[PDB]
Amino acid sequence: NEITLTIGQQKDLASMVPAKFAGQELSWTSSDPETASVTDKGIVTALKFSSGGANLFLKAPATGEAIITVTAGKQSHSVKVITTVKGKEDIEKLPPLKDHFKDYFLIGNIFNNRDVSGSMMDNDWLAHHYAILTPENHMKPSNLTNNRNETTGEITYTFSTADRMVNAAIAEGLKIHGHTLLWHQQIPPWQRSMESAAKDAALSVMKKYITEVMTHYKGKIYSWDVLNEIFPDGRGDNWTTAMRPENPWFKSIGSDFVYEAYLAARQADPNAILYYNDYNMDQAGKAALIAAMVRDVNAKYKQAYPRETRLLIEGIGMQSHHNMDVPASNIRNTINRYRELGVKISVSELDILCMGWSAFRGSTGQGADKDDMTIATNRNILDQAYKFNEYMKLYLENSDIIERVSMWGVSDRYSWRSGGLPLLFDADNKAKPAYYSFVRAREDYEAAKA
């Protein structure tokens, strides 16, 4: 005669109404309305737990309980509701995330070779919930090319795994965010060696790589991150000198390569929105560097092609790999900074560690399948859920310029930072409090707008 609900979850109790209460006037109360609240129509929401939460989530998930009572006439009936940090509802049993937010922005996520069988999607939750997918791995440079011919210049591509992934997503009506053409890591040895090349040679090779990749995928890719993570930090005063020397395009061509890259890309696939993508954009220093680069390249593009409507770098993906120490105010400041650019914005890689960066680094460190080692407490998990809600409301408030909110994974188990329980779904593909809070930001936002 009892039910268990994840905190944030709401449940219609009408089905547990006794048969002999039919046709009557129902009245609903909770013994502990702060723990679980119930509407006059009998919808109960799990709100909080009773006790733990200094306690490790993995040892002793925190709980609470309220007795909720339906009364008709002089008779009543009671159901014990158990509230819990632990996930209950299966991902596939929830209404599409993309539908809830469709009037605001695309709801994205990532996928992998694993997710496709042949040319078709091998699980239903990806298309069910998300409108756009970023390949987590298989479009990185090292996965797209394995050689360059030294005599002819011919670049050797491996497109087939990514092609299958793209074509699978498209068949289900899903868009694709391409990721990424130019990077300082996870690149083939032939690209690393470009760090030793001449400016004029490198420029032609770089332009060629970009052109050829985008031509292969022409018309199929909603947006591309042309260039990824080019600033080491926000210390630098001057973007032209601040860029990563370990990026082989930077070292060989100098700072001009940025403008030339995006220009090659635009000529290759005009259908594609061109993005620059980076993390720690909540750090105003780094964000200053980025806004400056984007301003100068787009000014250059204007000077070069004065009749052109479009921006060259059309969007700024904020990776949004956040954690307990990241304030919404810092994010909001950065968004105000990028709003001055006229660019589109994406939350490109959103996840939130249930702790501070050091605690994550000090406990599990990075990599997947580490969720069952997390030191996160029960309070941490509710704190995470509040943060998803606070960030999302901010994105909703900026949804005129934000076209996309994508998260860097589905289940915590398969998260690149799994040790930090950073996502909406748990290791069993069940909805966390964060899922509910995530969804609820729309209800909260609109409740403020009326």
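Residues carry their position along the shown sequence, with the first being 1.
Of the two stretches examined, 109-117 and 251-259, the record assigns the greater average C-alpha temperature factor to 251-259.
Stretches 275-283 and 230-238 differ in mean C-alpha B factor, with the higher average recorded for 230-238. Reading the B-factor column for the CA atoms of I187, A328, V166, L289 in the entry, the top value corresponds to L289. Looking at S51, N389, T45, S418, the one whose CA carries the top B-factor in the deposited record is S51. Placement of the Cα temperature factor of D40 within the chain: highest third of the modelled residues, per the deposited record.
Sort the modelled residues of the chain by CA B factor and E340 lands in the highest third. Per the PDB record, residue ranking by Cα B-factor puts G173 in the middle third of the chain. Annotation for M355: CA B-factor lies in the lowest third of the chain's modelled residues.
Among the modelled residues of the chain, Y157 sits in the middle third by CA temperature factor in this PDB entry.
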